[PDB]
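Only one chain is shown below, in C-alpha cells, and it's the form deposited in one PDB entry.
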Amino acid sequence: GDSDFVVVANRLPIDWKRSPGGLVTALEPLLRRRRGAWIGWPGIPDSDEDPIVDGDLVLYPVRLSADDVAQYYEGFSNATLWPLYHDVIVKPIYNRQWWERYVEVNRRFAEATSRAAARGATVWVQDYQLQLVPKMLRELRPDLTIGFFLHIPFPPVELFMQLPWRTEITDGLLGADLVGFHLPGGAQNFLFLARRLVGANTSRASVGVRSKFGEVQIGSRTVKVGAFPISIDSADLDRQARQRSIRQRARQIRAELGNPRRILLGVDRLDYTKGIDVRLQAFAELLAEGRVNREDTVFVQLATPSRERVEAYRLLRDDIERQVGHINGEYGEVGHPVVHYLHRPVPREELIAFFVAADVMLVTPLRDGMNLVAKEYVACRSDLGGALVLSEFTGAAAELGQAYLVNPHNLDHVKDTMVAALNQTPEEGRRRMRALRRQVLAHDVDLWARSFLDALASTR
C-alpha cells in the first residue's frame, strides 16, 4: 500500500463521524507528517472493505459477520481472554470454535494491514483482541516495523498457562519488535512467560517506566519489552471542565439531587472488573452503622451498558440492581433515594458536569489496566475541590499515589476511606488534588504516545 504509518485496532476511530479525543487525536501531529492509515472494524456487521479517505487518515474497514463478532469478539475476546487477563474474577470459557474464529479474524486484520502498509512502514497494533497479528504480519511482511501495546493487564503465568492456546498467543505477541504494557509488572510477567513457555533467553532486570527496557531473544531478532502508562489529553479536559455550561449543569445536578452536602460518584462501563458491587456494599454498611448521613449524602452510579449478549454480564447487572433497590428501600425516603443508578450511555459533556459536581470520585476496580476515569476526574477539578478514592489494583494507582488508595478486598478499609474522603478538610483535599493534577497535567497522552513511538523507532 501507500501508508508509512499504520494503526491496527479492533474498531475504526469513528462513531458516521470521527470519534473525538482518544488515540486518534493524540496522533494528529504525526499524521500531519506521515501518510497514515487506520485498520479496524467499522462496528456494524457485514460491511464493505473499501478504503475511506478521512482527510487526515485513510481508513481500512475490516468485514466481520455477526457470527464473527459472536465468536471472535463476544466469545474469545470478551469471554475467554478478558476474564483470564483480569485475574479470573469470572471463569474463562475455553472454546475451540471461538479460538479458531479468533485466529481467522486476526489473519484478516493482518491481511488488511499489509494491503495498507507501504514498504518499511511502521505499524502499531492495539490491544488484546489482536495478539496474533504481529506474528502473522511479520510472516506476510518481514519489511515492517511492528509495535504492540496491551491496554488491559497481562496476568501472572500461573493463570495465563490455563489457556489451551497459550503458546500461540505468546508466539503471536513475540512477532512484534516492541511489546508494551502500562506497567512494569505486566512487562515482567511477559519476560518470565517467554522463558518458561517458549524457552527464549530474556533480560532479568526489573523493567522501568518508559525506560530500562527488557528484551527477548528470538533467533536472530530481539523483541523489546517496555512499560508505557497511558493517559489522557489532560490540558483539553482541564479547559472543557471550565466552560460555563458545564459549571451550570454541575450546579443543576446538585439542585436536582435536592442539594446534598456530599455527592459520591461512580462512572464505569458495567463490568465485573470495576468493583461497583464493592462501592454499594461499603455505602450500605456505612449507612447501617450511621457513619454516613442518609439525609445529606448521596451516591450516583452511572453504569454504561456493556456486552449484553454475554451471560456473565446479565448476571452482574441483576446483582448490582438488587443492591440498588435494597439500599434505597432500607435507607431512602419517598422522593429521596440515597443511591441514584443509571444504566445508559452518557454524553461526554454530561459526564464532565458530574465530575465537576462530585465531592468524592469512587474508582474501585478489582483489576484494571489503567482506568482513565480516575485521571479525567483529576483533570476536571481545576477548582481543587473533590476527592479521589482509587483501587490499588488499577494501573492508575501507580501514578496517583496522592489519591485515597484502597484494597477493594479490604472492605473495612474501603469504608474507613470513604468516610475520610467525605469528611476531609478543605485544605487537605486541595493538597491532594493539587498534587494529583501536577502528575496528570505533566504525564498526558502525548507523552505516552511519543515514548512508545520513540522506543519503537529505536528498534530499527
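Residue numbers here begin at 1 and follow the sequence given. What we label the rigid core is the largest C-alpha set whose atoms superpose within 1.5 Å from one form to the other.
What follows is about the form deposited in another entry, which we do not show.
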Superposing the core, which one of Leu411, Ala435, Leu30, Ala420 shows a C-alpha shift reaching 2 Å or more between this form and the one not shown?
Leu30
Is it true that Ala397 shifts between this form and the one not shown by 2 Å or more at the Cα, once the core is aligned?
no
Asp54: Cα shift of 2 Å or greater between this form and the one not shown (core-aligned)
yes
Taking the shown form as the reference, report whether the CA atoms of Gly21 and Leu237 lie closer or farther apart in the other form; the distance changes by 3 angstroms or more.
farther
Taking the shown form as the reference, report whether the CA atoms of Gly22 and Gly369 lie closer or farther apart in the other form; the distance changes by 3 angstroms or more.
closer
